[PDB]
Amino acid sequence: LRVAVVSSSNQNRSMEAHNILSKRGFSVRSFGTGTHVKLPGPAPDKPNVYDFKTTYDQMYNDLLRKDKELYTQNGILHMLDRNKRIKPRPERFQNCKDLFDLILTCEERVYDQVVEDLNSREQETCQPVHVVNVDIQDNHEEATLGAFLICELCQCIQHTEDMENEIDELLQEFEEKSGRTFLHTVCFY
């Protein structure tokens, strides 16, 4: 099962999922659909802002020299180190050309950006890819709980005979067990 997990900045929700899925033997890539990268700052209204070209290591260093103590206490330096250990930089979904069975998005806005983008690429093959959303709030604890939920869903899917025929029924069971809604659509390669 080839999965892509997509958030806004490719920093937290998708990287937490990337990490769990990867360690659990899934084939997984992660992306963000945001215009730029956003990281928490010293007040909820003053985030740090970066270009998608910027490396996790460059963000780490920039934050280290800004306020070492703040970005230690808020888990961000450790997050960026964790991310550096998976890959060198955040990846923008709109710039990749890879094939997945399943694309999971971490909030509705990201799901709209994934759908808008895939729906605007010319289909060559008409092979479907399933796109599923779950709303996960952008903080560490939610990213972690959401990553486990996503891992559980992926595992269910690994286990079904016929993914396309059973996936809706599975999502409905997940809605019921989690109380969280799961939007679901297909796009075409």
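Quick note: we count residues from 1 along the sequence shown, nothing fancier.
Between the stretches 145-153 and 40-48, it is 40-48 that shows the larger average CA temperature factor. Between 69-77 and 115-123, the higher mean Cα B-factor belongs to 69-77.
In the PDB entry, the Cα temperature factor peaks, among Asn133, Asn61, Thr33, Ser30, at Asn61. Ranked against the other modelled residues of its chain, the C-alpha B-factor of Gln94 as given in the entry falls in the middle third. Among all modelled residues in this chain, the alpha-carbon of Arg180 has a temperature factor (C-alpha) in the middle third. Remark: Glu164 belongs to the lowest third of its chain, ranked by C-alpha B-factor as recorded.
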